[PDB]
Amino acid sequence: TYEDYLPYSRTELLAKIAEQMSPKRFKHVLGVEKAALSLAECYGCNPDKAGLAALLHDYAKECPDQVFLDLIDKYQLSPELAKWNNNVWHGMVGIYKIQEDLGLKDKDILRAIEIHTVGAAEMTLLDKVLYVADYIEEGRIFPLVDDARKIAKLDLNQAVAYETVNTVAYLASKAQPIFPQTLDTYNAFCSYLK
Amino acid sequence: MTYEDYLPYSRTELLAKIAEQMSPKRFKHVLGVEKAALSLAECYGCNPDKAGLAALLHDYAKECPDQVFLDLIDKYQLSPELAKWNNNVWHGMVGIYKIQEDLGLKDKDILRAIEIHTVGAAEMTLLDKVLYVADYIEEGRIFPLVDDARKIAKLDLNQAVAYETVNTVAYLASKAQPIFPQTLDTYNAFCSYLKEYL
Ligand SMILES: Nc1ncnc2c1ncn2[C@@H]1O[C@H](COP(=O)(O)OP(=O)(O)O)[C@@H](O)[C@H]1O
Ligand SMILES: Nc1ncnc2c1ncn2[C@@H]1O[C@H](COP(=O)(O)OP(=O)(O)O)[C@@H](O)[C@H]1O
Ligand SMILES: [Mg+2]
Ligand SMILES: [Mg+2]
Ligand SMILES: [Mg+2]
Ligand SMILES: [Mg+2]
């Protein structure tokens with residue numbers, strides 16, 4: 001339960017989150033919540049924080065590009081962010097929409113949501129829990145997910161490495177631009193996958 | 001074609017000096033890069049004397065031990081972040097100072113092409129791009145991606161640079177090897193030419 005961080009009960013918070021997104025997307029979010037709570041109890045991070053980070057991580061996934069461009073300007077974010085896309089924005093910039101809409105103040109939860117797509121070179125246990133739960137949640141079936149599910153309850157750092165390497169390989173396979181912080185993560189975790 | 005405007009060597013004197021730096025297999029790779037760079041230069045209009053010499057010298061420091069590059073980094077007070085990397089990054093990015101000390105090369109354009117022949121840059125001249133693709137598509141290189149790279153290189157040089165940089169990043173990912181940040185600079189600057197290709 002999440003009342004230490006937000007003035008919402010569960011039924012109201014899930015209703016508010018559900019107002020932001022498609023049913024396929026909201027079902028993904030509940031899967032990430034289940035996956036993050038089970039990773040939190042395995043690795044010992046606070047499940048109240050893990051579960052809430054999971055419920056909110058894709059809160060801004062469906063906002064149009066202008067919402068993120070306006071937040072970049074309003075909160076004086078690095079102007080270089082404006083050259084990117086929703087993949088980068090919905091976490092890195094969407095945390096400002098989460099704070100405005102919901103009043104979330106917890107730095108640890110906000111940071112985990114902020115980097116849940118691109119990672120960082122230095123990630124806390126909470127950051128890694130969400131980063132892996134988002135990938136391995138039960139509704140995601142893609143062939144590369146299944147080894148990540150196995151790695152994740154043995155060694156969390158190797159689960160992060162596996163995701164970041166497969167992401168850089170996927171982006172390269174489509175010739176899509178790789179955000180520089182995604183490289184920070186890749187180089188920081190490359191050795192755990194070796 | 002001949003390079004005495006830039007170095008105090010004739011061809012036989014220069015090729016003897018280069019062959020002293022490296023294995024015979026590596027020297028055969030270098031002669032091939034010279035052939036491909038000359039064949040890229042008259043087509044796209046860069047100076048073949050500048051292109052051929054950059055190709056002859058690009059792997060001059062390939063076989064130097066790590067301490068040669070660490071000593072050069074300190075001596076020329078290059079970025080300390082370079083010391084965390086490896087020969088793959090150093091032999092062009094730092095090896096240009098060994099070329100300058102050993103051979104007296106001062107041509108800024110040739111030196112810059114050698115400097116980034118492995119990792120690229122976000123901004124590349126025509127000469128830089130010629131060397132970068134010539135090194136990849138050279139006649140002795142046989143790996144599965146060579147043939148499409150050779151095909152692209154005669155239509156669109158920017159799409160050939162894009163093809164090499166994007167495929168280099170995918171290879172490094174397949175081995176979990178660390179990617180130098182300037183390689184990403186190249187990748188992100190050229191990724192759009194490979195989308196249009198694809
Ligand atoms: N560093 C990066 N640069 C560009 N695109 C990226 C980068 N990292 C991840 N992506 C892409 O972002 C997309 C969204 O990812 P993510 O937030 O992890 O999950 P979801 O869509 O569940 O929100 C994926 O399609 C992924 O390939
Ligand atoms: N960013 C990078 N990080 C680590 N290795 C790299 C990077 N970019 C290229 N390499 C590697 O450097 C090696 C030597 O490359 P290169 O200099 O282009 O060949 P040559 O040595 O014939 O001129 C290749 O194995 C390539 O995969
Ligand atoms: Mg997301
Ligand atoms: Mg998600
Ligand atoms: Mg080389
Ligand atoms: Mg070479």
# chains A, B, ... in the order shown; residues from 1 in each chain; ligands from 1
>>> interface_residues(of="chain B", to="chain A", cutoff="10 Å", atoms="only C-alpha atoms", output="mmCIF file with N, CA, C and O atoms, in the first residue's frame")
data_model
loop_
_atom_site.group_PDB
_atom_site.id
_atom_site.type_symbol
_atom_site.label_atom_id
_atom_site.label_comp_id
_atom_site.auth_asym_id
_atom_site.auth_seq_id
_atom_site.Cartn_x
_atom_site.Cartn_y
_atom_site.Cartn_z
ATOM 1 N N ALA B 162 27.199 5.115 -42.498
ATOM 2 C CA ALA B 162 26.076 4.718 -41.661
ATOM 3 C C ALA B 162 26.039 3.212 -41.471
ATOM 4 O O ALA B 162 25.908 2.723 -40.349
ATOM 5 N N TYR B 163 26.238 2.467 -42.558
ATOM 6 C CA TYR B 163 26.173 1.007 -42.517
ATOM 7 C C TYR B 163 27.272 0.417 -41.642
ATOM 8 O O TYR B 163 27.030 -0.521 -40.869
ATOM 9 N N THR B 165 29.065 2.060 -39.154
ATOM 10 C CA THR B 165 28.943 2.474 -37.753
ATOM 11 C C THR B 165 27.805 1.753 -37.053
ATOM 12 O O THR B 165 27.977 1.236 -35.940
ATOM 13 N N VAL B 166 26.665 1.629 -37.727
ATOM 14 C CA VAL B 166 25.546 0.925 -37.109
ATOM 15 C C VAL B 166 25.866 -0.554 -36.927
ATOM 16 O O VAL B 166 25.622 -1.123 -35.857
ATOM 17 N N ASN B 167 26.506 -1.172 -37.912
ATOM 18 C CA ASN B 167 26.882 -2.574 -37.753
ATOM 19 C C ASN B 167 28.042 -2.768 -36.787
ATOM 20 O O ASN B 167 28.178 -3.852 -36.222
ATOM 21 N N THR B 168 28.923 -1.775 -36.625
ATOM 22 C CA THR B 168 29.961 -1.924 -35.599
ATOM 23 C C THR B 168 29.333 -1.924 -34.200
ATOM 24 O O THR B 168 29.656 -2.785 -33.363
ATOM 25 N N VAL B 169 28.360 -1.028 -33.968
ATOM 26 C CA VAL B 169 27.683 -0.974 -32.670
ATOM 27 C C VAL B 169 26.944 -2.291 -32.380
ATOM 28 O O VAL B 169 27.041 -2.842 -31.280
ATOM 29 N N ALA B 170 26.296 -2.874 -33.398
ATOM 30 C CA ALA B 170 25.605 -4.145 -33.213
ATOM 31 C C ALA B 170 26.565 -5.289 -32.903
ATOM 32 O O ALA B 170 26.216 -6.215 -32.159
ATOM 33 N N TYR B 171 27.759 -5.266 -33.496
ATOM 34 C CA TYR B 171 28.759 -6.299 -33.202
ATOM 35 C C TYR B 171 29.242 -6.215 -31.755
ATOM 36 O O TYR B 171 29.348 -7.233 -31.064
ATOM 37 N N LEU B 172 29.624 -5.008 -31.322
ATOM 38 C CA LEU B 172 30.081 -4.792 -29.952
ATOM 39 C C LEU B 172 29.027 -5.227 -28.945
ATOM 40 O O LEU B 172 29.362 -5.852 -27.933
ATOM 41 N N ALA B 173 27.746 -4.922 -29.231
ATOM 42 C CA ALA B 173 26.644 -5.400 -28.390
ATOM 43 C C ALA B 173 26.578 -6.913 -28.378
ATOM 44 O O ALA B 173 26.315 -7.507 -27.341
ATOM 45 N N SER B 174 26.862 -7.568 -29.505
ATOM 46 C CA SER B 174 26.777 -9.032 -29.513
ATOM 47 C C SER B 174 27.845 -9.701 -28.651
ATOM 48 O O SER B 174 27.634 -10.831 -28.207
ATOM 49 N N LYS B 175 28.952 -9.004 -28.361
ATOM 50 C CA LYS B 175 30.055 -9.496 -27.536
ATOM 51 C C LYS B 175 30.080 -8.918 -26.118
ATOM 52 O O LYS B 175 31.008 -9.235 -25.367
ATOM 53 N N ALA B 176 29.113 -8.061 -25.766
ATOM 54 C CA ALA B 176 29.119 -7.251 -24.536
ATOM 55 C C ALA B 176 30.426 -6.472 -24.373
ATOM 56 O O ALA B 176 31.007 -6.426 -23.295
ATOM 57 N N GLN B 177 30.905 -5.892 -25.452
ATOM 58 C CA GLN B 177 32.088 -5.056 -25.349
ATOM 59 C C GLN B 177 31.698 -3.589 -25.203
ATOM 60 O O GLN B 177 30.713 -3.146 -25.798
ATOM 61 N N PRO B 178 32.457 -2.804 -24.439
ATOM 62 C CA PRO B 178 32.073 -1.404 -24.213
ATOM 63 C C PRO B 178 32.230 -0.565 -25.470
ATOM 64 O O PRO B 178 33.119 -0.785 -26.301
ATOM 65 N N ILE B 179 31.308 0.363 -25.640
ATOM 66 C CA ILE B 179 31.251 1.225 -26.810
ATOM 67 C C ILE B 179 31.777 2.603 -26.431
ATOM 68 O O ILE B 179 31.269 3.230 -25.494
ATOM 69 N N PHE B 180 32.805 3.060 -27.148
ATOM 70 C CA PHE B 180 33.391 4.372 -26.915
ATOM 71 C C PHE B 180 32.341 5.442 -27.212
ATOM 72 O O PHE B 180 31.584 5.293 -28.169
ATOM 73 N N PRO B 181 32.199 6.463 -26.360
ATOM 74 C CA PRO B 181 31.144 7.482 -26.600
ATOM 75 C C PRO B 181 31.223 8.178 -27.959
ATOM 76 O O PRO B 181 30.170 8.495 -28.526
ATOM 77 N N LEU B 184 29.226 6.369 -30.540
ATOM 78 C CA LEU B 184 27.812 6.734 -30.519
ATOM 79 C C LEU B 184 27.563 8.074 -31.203
ATOM 80 O O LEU B 184 26.498 8.269 -31.801
ATOM 81 N N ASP B 185 28.483 9.039 -31.039
ATOM 82 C CA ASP B 185 28.404 10.302 -31.775
ATOM 83 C C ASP B 185 28.270 10.053 -33.268
ATOM 84 O O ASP B 185 27.398 10.630 -33.938
ATOM 85 N N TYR B 187 27.379 7.113 -34.712
ATOM 86 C CA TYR B 187 26.137 6.358 -34.895
ATOM 87 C C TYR B 187 24.915 7.279 -34.963
ATOM 88 O O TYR B 187 24.091 7.178 -35.889
ATOM 89 N N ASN B 188 24.799 8.200 -33.999
ATOM 90 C CA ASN B 188 23.615 9.051 -33.974
ATOM 91 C C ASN B 188 23.626 10.076 -35.101
ATOM 92 O O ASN B 188 22.550 10.493 -35.565
ATOM 93 N N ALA B 189 24.811 10.489 -35.561
ATOM 94 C CA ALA B 189 24.849 11.434 -36.663
ATOM 95 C C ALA B 189 24.505 10.764 -37.993
ATOM 96 O O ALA B 189 23.997 11.430 -38.911
ATOM 97 N N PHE B 190 24.775 9.464 -38.126
ATOM 98 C CA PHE B 190 24.634 8.779 -39.400
ATOM 99 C C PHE B 190 23.487 7.784 -39.441
ATOM 100 O O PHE B 190 23.173 7.316 -40.550
ATOM 101 N N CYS B 191 22.779 7.557 -38.299
ATOM 102 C CA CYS B 191 21.702 6.553 -38.183
ATOM 103 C C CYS B 191 20.606 6.797 -39.209
ATOM 104 O O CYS B 191 20.084 5.840 -39.800
ATOM 105 N N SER B 192 20.333 8.074 -39.517
ATOM 106 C CA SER B 192 19.253 8.427 -40.442
ATOM 107 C C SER B 192 19.554 8.005 -41.879
ATOM 108 O O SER B 192 18.620 7.681 -42.621
ATOM 109 N N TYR B 193 20.832 8.005 -42.293
ATOM 110 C CA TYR B 193 21.170 7.476 -43.618
ATOM 111 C C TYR B 193 20.952 5.967 -43.714
ATOM 112 O O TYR B 193 20.632 5.459 -44.794
ATOM 113 N N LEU B 194 21.099 5.225 -42.611
ATOM 114 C CA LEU B 194 20.802 3.797 -42.687
ATOM 115 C C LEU B 194 19.316 3.496 -42.572
ATOM 116 O O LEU B 194 18.880 2.460 -43.096
ATOM 117 N N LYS B 195 18.520 4.375 -41.938
ATOM 118 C CA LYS B 195 17.072 4.172 -41.983
ATOM 119 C C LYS B 195 16.571 4.292 -43.412
ATOM 120 O O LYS B 195 15.812 3.435 -43.879
ATOM 121 N N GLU B 196 17.040 5.329 -44.131
ATOM 122 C CA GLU B 196 16.636 5.568 -45.518
ATOM 123 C C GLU B 196 17.127 4.449 -46.427
ATOM 124 O O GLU B 196 16.420 4.056 -47.366
ATOM 125 N N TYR B 197 18.312 3.916 -46.129
ATOM 126 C CA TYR B 197 18.784 2.687 -46.753
ATOM 127 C C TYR B 197 17.800 1.546 -46.524
ATOM 128 O O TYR B 197 17.296 0.948 -47.479
ATOM 129 N N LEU B 198 17.512 1.245 -45.255
ATOM 130 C CA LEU B 198 16.640 0.144 -44.868
ATOM 131 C C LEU B 198 15.218 0.340 -45.394
ATOM 132 O O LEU B 198 14.642 -0.619 -45.896
#
>>> residues_near_ligand(ligand="ligand 3", cutoff="10 Å", atoms="only C-alpha atoms and all ligand atoms", output="list in words")
residues 25, 28, 29, 54, 56, 57, 58, 59, 60, 61, 62, 86, 87, 88, 89, 90, 91, 92, 94, 113, 114, 115, 116, 117, 118, 131, 134 and 135 of chain A
>>> residues_around(residues="range 141-143 of chain B", least_positions_apart="6", cutoff="10 Å", atoms="only C-alpha atoms", output="number ranges by chain")
B: 29, 32-33, 135
>>> write_last_selection(atoms="C-alpha atoms", output="mmCIF file, in the first residue's frame")
data_model
loop_
_atom_site.group_PDB
_atom_site.id
_atom_site.type_symbol
_atom_site.label_atom_id
_atom_site.label_comp_id
_atom_site.auth_asym_id
_atom_site.auth_seq_id
_atom_site.Cartn_x
_atom_site.Cartn_y
_atom_site.Cartn_z
ATOM 1 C CA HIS B 29 45.594 -5.281 -44.949
ATOM 2 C CA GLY B 32 44.496 -3.171 -49.509
ATOM 3 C CA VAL B 33 43.110 -0.155 -47.654
ATOM 4 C CA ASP B 135 39.302 0.273 -44.022
#
>>> select_by_dssp(residues="range 8-134 of chain A", states="alpha helix (DSSP H)", output="VMD selection string")
chain A and resid 10 to 18 23 to 43 47 to 56 65 to 74 86 to 92 94 to 102 107 to 114 125 to 134
>>> write_last_selection(atoms="C-alpha atoms", output="PDB file, in the first residue's frame")
ATOM      1  CA  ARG A  10      -5.668   1.931  -4.167  1.00  0.00           C
ATOM      2  CA  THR A  11      -9.058   2.145  -5.966  1.00  0.00           C
ATOM      3  CA  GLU A  12      -8.639   5.884  -6.575  1.00  0.00           C
ATOM      4  CA  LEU A  13      -4.991   5.629  -7.589  1.00  0.00           C
ATOM      5  CA  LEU A  14      -5.652   2.825 -10.060  1.00  0.00           C
ATOM      6  CA  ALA A  15      -8.626   4.775 -11.442  1.00  0.00           C
ATOM      7  CA  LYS A  16      -6.438   7.889 -11.879  1.00  0.00           C
ATOM      8  CA  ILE A  17      -3.650   5.856 -13.557  1.00  0.00           C
ATOM      9  CA  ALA A  18      -6.249   4.075 -15.697  1.00  0.00           C
ATOM     10  CA  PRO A  23      -6.461  -1.153 -21.474  1.00  0.00           C
ATOM     11  CA  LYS A  24      -3.529  -3.051 -22.995  1.00  0.00           C
ATOM     12  CA  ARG A  25      -1.211  -0.514 -21.366  1.00  0.00           C
ATOM     13  CA  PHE A  26      -2.942  -0.558 -17.937  1.00  0.00           C
ATOM     14  CA  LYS A  27      -2.720  -4.350 -17.923  1.00  0.00           C
ATOM     15  CA  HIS A  28       1.020  -4.045 -18.569  1.00  0.00           C
ATOM     16  CA  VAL A  29       1.239  -1.695 -15.564  1.00  0.00           C
ATOM     17  CA  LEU A  30      -0.490  -4.166 -13.194  1.00  0.00           C
ATOM     18  CA  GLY A  31       1.909  -6.885 -14.438  1.00  0.00           C
ATOM     19  CA  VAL A  32       4.902  -4.656 -13.628  1.00  0.00           C
ATOM     20  CA  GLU A  33       3.453  -4.082 -10.143  1.00  0.00           C
ATOM     21  CA  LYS A  34       3.301  -7.831  -9.517  1.00  0.00           C
ATOM     22  CA  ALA A  35       6.806  -8.310 -10.891  1.00  0.00           C
ATOM     23  CA  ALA A  36       8.276  -5.402  -8.894  1.00  0.00           C
ATOM     24  CA  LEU A  37       6.748  -6.526  -5.586  1.00  0.00           C
ATOM     25  CA  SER A  38       8.159 -10.024  -6.047  1.00  0.00           C
ATOM     26  CA  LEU A  39      11.605  -8.674  -6.963  1.00  0.00           C
ATOM     27  CA  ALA A  40      11.460  -6.282  -4.008  1.00  0.00           C
ATOM     28  CA  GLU A  41      10.798  -9.046  -1.501  1.00  0.00           C
ATOM     29  CA  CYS A  42      13.532 -11.241  -3.070  1.00  0.00           C
ATOM     30  CA  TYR A  43      16.166  -8.460  -3.006  1.00  0.00           C
ATOM     31  CA  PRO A  47       7.833  -2.989  -1.617  1.00  0.00           C
ATOM     32  CA  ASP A  48       5.728   0.080  -0.919  1.00  0.00           C
ATOM     33  CA  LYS A  49       8.194   2.059  -2.988  1.00  0.00           C
ATOM     34  CA  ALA A  50       8.697  -0.683  -5.563  1.00  0.00           C
ATOM     35  CA  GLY A  51       4.991  -1.225  -6.080  1.00  0.00           C
ATOM     36  CA  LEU A  52       4.205   2.470  -6.448  1.00  0.00           C
ATOM     37  CA  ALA A  53       7.108   3.072  -8.868  1.00  0.00           C
ATOM     38  CA  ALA A  54       5.675   0.224 -10.914  1.00  0.00           C
ATOM     39  CA  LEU A  55       2.104   1.631 -10.906  1.00  0.00           C
ATOM     40  CA  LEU A  56       3.331   5.054 -11.976  1.00  0.00           C
ATOM     41  CA  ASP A  65       4.969  15.236 -27.837  1.00  0.00           C
ATOM     42  CA  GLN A  66       3.966  18.846 -27.036  1.00  0.00           C
ATOM     43  CA  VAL A  67       3.257  17.948 -23.373  1.00  0.00           C
ATOM     44  CA  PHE A  68       6.869  16.820 -23.005  1.00  0.00           C
ATOM     45  CA  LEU A  69       8.277  19.796 -24.944  1.00  0.00           C
ATOM     46  CA  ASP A  70       6.312  22.129 -22.646  1.00  0.00           C
ATOM     47  CA  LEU A  71       7.585  20.344 -19.506  1.00  0.00           C
ATOM     48  CA  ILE A  72      11.196  20.555 -20.812  1.00  0.00           C
ATOM     49  CA  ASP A  73      10.769  24.338 -21.045  1.00  0.00           C
ATOM     50  CA  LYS A  74       8.828  24.811 -17.781  1.00  0.00           C
ATOM     51  CA  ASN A  86       8.412   9.579 -26.388  1.00  0.00           C
ATOM     52  CA  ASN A  87      10.661   6.523 -25.627  1.00  0.00           C
ATOM     53  CA  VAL A  88      13.090   8.845 -23.890  1.00  0.00           C
ATOM     54  CA  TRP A  89      10.538  11.382 -22.622  1.00  0.00           C
ATOM     55  CA  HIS A  90       7.785   9.382 -20.917  1.00  0.00           C
ATOM     56  CA  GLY A  91      10.095   8.502 -18.022  1.00  0.00           C
ATOM     57  CA  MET A  92      12.801  11.204 -18.133  1.00  0.00           C
ATOM     58  CA  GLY A  94       7.091  12.316 -17.479  1.00  0.00           C
ATOM     59  CA  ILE A  95       8.219  12.432 -13.828  1.00  0.00           C
ATOM     60  CA  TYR A  96       7.408  16.170 -13.917  1.00  0.00           C
ATOM     61  CA  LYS A  97       3.858  15.429 -15.043  1.00  0.00           C
ATOM     62  CA  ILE A  98       3.569  12.776 -12.251  1.00  0.00           C
ATOM     63  CA  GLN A  99       4.671  15.377  -9.664  1.00  0.00           C
ATOM     64  CA  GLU A 100       2.235  18.025 -10.979  1.00  0.00           C
ATOM     65  CA  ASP A 101      -0.752  15.682 -11.337  1.00  0.00           C
ATOM     66  CA  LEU A 102      -0.284  13.517  -8.245  1.00  0.00           C
ATOM     67  CA  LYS A 107      13.086  11.182  -4.684  1.00  0.00           C
ATOM     68  CA  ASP A 108      13.803   7.433  -4.834  1.00  0.00           C
ATOM     69  CA  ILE A 109      10.533   6.585  -6.564  1.00  0.00           C
ATOM     70  CA  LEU A 110      10.861   9.551  -8.898  1.00  0.00           C
ATOM     71  CA  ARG A 111      14.404   8.563  -9.898  1.00  0.00           C
ATOM     72  CA  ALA A 112      13.373   4.957 -10.593  1.00  0.00           C
ATOM     73  CA  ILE A 113      10.564   6.146 -12.881  1.00  0.00           C
ATOM     74  CA  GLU A 114      12.868   8.785 -14.476  1.00  0.00           C
ATOM     75  CA  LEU A 125      18.343  -1.247  -5.990  1.00  0.00           C
ATOM     76  CA  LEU A 126      14.875   0.340  -6.491  1.00  0.00           C
ATOM     77  CA  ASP A 127      15.896   1.646  -9.968  1.00  0.00           C
ATOM     78  CA  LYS A 128      17.089  -1.847 -10.962  1.00  0.00           C
ATOM     79  CA  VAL A 129      13.952  -3.518  -9.566  1.00  0.00           C
ATOM     80  CA  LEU A 130      11.665  -1.348 -11.725  1.00  0.00           C
ATOM     81  CA  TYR A 131      13.984  -1.517 -14.776  1.00  0.00           C
ATOM     82  CA  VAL A 132      13.872  -5.328 -14.680  1.00  0.00           C
ATOM     83  CA  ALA A 133      10.184  -5.710 -13.619  1.00  0.00           C
ATOM     84  CA  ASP A 134       9.118  -3.607 -16.608  1.00  0.00           C
TER      85      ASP A 134
END
>>> residues_near_ligand(ligand="ligand 6", cutoff="10 Å", atoms="only C-alpha atoms and all ligand atoms", output="PyMOL selection string")
chain B and resi 26-27+29-33+55-60+62+91-92+114+117-118+131-132+134-136+138+141
>>> write_last_selection(atoms="N, CA and C atoms", output="tab-separated table (two decimals), in the first residue's frame")
chain	number	residue	atom	x	y	z
B	26	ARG	N	49.09	-7.88	-41.31
B	26	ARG	CA	48.60	-6.52	-41.10
B	26	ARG	C	49.06	-5.60	-42.21
B	27	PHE	N	50.30	-5.80	-42.70
B	27	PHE	CA	50.80	-4.97	-43.80
B	27	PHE	C	50.03	-5.20	-45.09
B	29	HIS	N	46.83	-6.03	-45.17
B	29	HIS	CA	45.59	-5.28	-44.95
B	29	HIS	C	45.78	-3.82	-45.29
B	30	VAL	N	46.92	-3.23	-44.90
B	30	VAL	CA	47.15	-1.81	-45.14
B	30	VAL	C	47.25	-1.49	-46.63
B	31	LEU	N	47.98	-2.32	-47.39
B	31	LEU	CA	48.08	-2.11	-48.83
B	31	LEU	C	46.71	-2.20	-49.50
B	32	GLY	N	45.86	-3.10	-49.01
B	32	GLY	CA	44.50	-3.17	-49.51
B	32	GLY	C	43.67	-1.93	-49.20
B	33	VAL	N	43.85	-1.37	-47.99
B	33	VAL	CA	43.11	-0.16	-47.65
B	33	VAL	C	43.55	0.97	-48.57
B	55	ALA	N	45.53	6.08	-45.80
B	55	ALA	CA	45.30	4.64	-45.77
B	55	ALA	C	46.58	3.89	-45.44
B	56	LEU	N	47.72	4.31	-46.00
B	56	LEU	CA	48.99	3.63	-45.67
B	56	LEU	C	49.34	3.76	-44.21
B	57	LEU	N	48.95	4.88	-43.57
B	57	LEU	CA	49.37	5.14	-42.20
B	57	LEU	C	48.33	4.84	-41.12
B	58	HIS	N	47.07	4.47	-41.48
B	58	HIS	CA	45.99	4.45	-40.48
B	58	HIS	C	46.24	3.44	-39.36
B	59	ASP	N	46.90	2.29	-39.66
B	59	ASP	CA	47.17	1.26	-38.67
B	59	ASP	C	48.63	1.21	-38.27
B	60	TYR	N	49.32	2.35	-38.39
B	60	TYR	CA	50.74	2.43	-38.08
B	60	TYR	C	51.03	2.03	-36.63
B	62	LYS	N	48.99	0.15	-34.71
B	62	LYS	CA	48.07	-0.94	-34.35
B	62	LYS	C	48.68	-1.91	-33.34
B	91	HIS	N	44.67	3.27	-31.08
B	91	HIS	CA	45.68	3.17	-32.16
B	91	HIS	C	45.44	4.21	-33.24
B	92	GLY	N	44.18	4.61	-33.46
B	92	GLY	CA	43.91	5.82	-34.22
B	92	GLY	C	43.87	7.08	-33.35
B	114	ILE	N	43.04	9.76	-39.82
B	114	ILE	CA	43.60	8.60	-39.11
B	114	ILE	C	43.06	8.52	-37.69
B	117	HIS	N	39.55	6.92	-37.66
B	117	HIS	CA	39.28	5.84	-38.61
B	117	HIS	C	38.58	4.65	-37.95
B	118	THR	N	38.68	4.51	-36.64
B	118	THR	CA	37.98	3.43	-35.97
B	118	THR	C	36.59	3.85	-35.46
B	131	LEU	N	38.51	7.15	-45.79
B	131	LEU	CA	39.35	6.22	-45.03
B	131	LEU	C	38.51	5.25	-44.20
B	132	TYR	N	37.45	5.77	-43.55
B	132	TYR	CA	36.63	4.97	-42.65
B	132	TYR	C	35.95	3.82	-43.40
B	134	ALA	N	37.01	2.72	-46.56
B	134	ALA	CA	38.09	1.95	-47.22
B	134	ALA	C	38.67	0.88	-46.31
B	135	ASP	N	38.82	1.22	-45.02
B	135	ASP	CA	39.30	0.27	-44.02
B	135	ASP	C	38.35	-0.90	-43.85
B	136	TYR	N	37.06	-0.65	-44.01
B	136	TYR	CA	36.04	-1.68	-43.81
B	136	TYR	C	35.90	-2.60	-45.03
B	138	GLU	N	37.94	-3.05	-47.76
B	138	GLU	CA	39.23	-3.46	-48.32
B	138	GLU	C	39.22	-4.90	-48.82
B	141	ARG	N	39.40	-8.14	-46.66
B	141	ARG	CA	38.45	-8.33	-45.57
B	141	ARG	C	37.33	-9.23	-46.07
>>> atom_distance(atom1="CA of residue 2 in chain B", atom2="CA of residue 50 in chain B")
9.2 Å
>>> atom_distance(atom1="CA of residue 61 in chain B", atom2="CA of residue 95 in chain B")
5.3 Å
>>> residues_around(residues="residue 151 in chain A", least_positions_apart="3", cutoff="12 Å", atoms="only C-alpha atoms", output="ChimeraX atom specification")
/A:39,132,136,144-148,154-163,192-193
>>> atom_distance(atom1="CA of residue 129 in chain B", atom2="CA of residue 106 in chain B")
19.6 Å
>>> residues_around(residues="residue 157 in chain B", least_positions_apart="6", cutoff="9 Å", atoms="only C-alpha atoms", output="PDB file with N, CA, C and O atoms, in the first residue's frame")
ATOM      1  N   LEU B  40      38.136   4.908 -53.798  1.00  0.00           N
ATOM      2  CA  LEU B  40      37.093   5.804 -53.287  1.00  0.00           C
ATOM      3  C   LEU B  40      37.389   7.278 -53.552  1.00  0.00           C
ATOM      4  O   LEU B  40      36.455   8.045 -53.831  1.00  0.00           O
ATOM      5  N   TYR B  44      34.891  10.079 -55.559  1.00  0.00           N
ATOM      6  CA  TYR B  44      34.134  11.089 -54.824  1.00  0.00           C
ATOM      7  C   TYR B  44      34.834  12.434 -54.834  1.00  0.00           C
ATOM      8  O   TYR B  44      34.296  13.401 -54.293  1.00  0.00           O
ATOM      9  N   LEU B 126      34.951  14.580 -46.188  1.00  0.00           N
ATOM     10  CA  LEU B 126      34.991  13.588 -47.251  1.00  0.00           C
ATOM     11  C   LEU B 126      36.206  12.668 -47.099  1.00  0.00           C
ATOM     12  O   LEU B 126      36.067  11.451 -47.196  1.00  0.00           O
ATOM     13  N   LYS B 129      35.681  10.208 -44.282  1.00  0.00           N
ATOM     14  CA  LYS B 129      34.717   9.174 -44.638  1.00  0.00           C
ATOM     15  C   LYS B 129      35.322   8.152 -45.605  1.00  0.00           C
ATOM     16  O   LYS B 129      34.964   6.965 -45.561  1.00  0.00           O
ATOM     17  N   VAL B 130      36.172   8.630 -46.528  1.00  0.00           N
ATOM     18  CA  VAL B 130      36.838   7.733 -47.482  1.00  0.00           C
ATOM     19  C   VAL B 130      37.677   6.693 -46.733  1.00  0.00           C
ATOM     20  O   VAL B 130      37.533   5.478 -46.954  1.00  0.00           O
ATOM     21  N   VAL B 133      35.488   4.064 -44.628  1.00  0.00           N
ATOM     22  CA  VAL B 133      34.848   2.983 -45.371  1.00  0.00           C
ATOM     23  C   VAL B 133      35.916   2.106 -46.054  1.00  0.00           C
ATOM     24  O   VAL B 133      35.777   0.881 -46.075  1.00  0.00           O
TER      25      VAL B 133
END
>>> closest_residue(among="A:4, A:153, A:181, A:137", to="residue 81 in chain A", atoms="only C-alpha atoms")
A:181
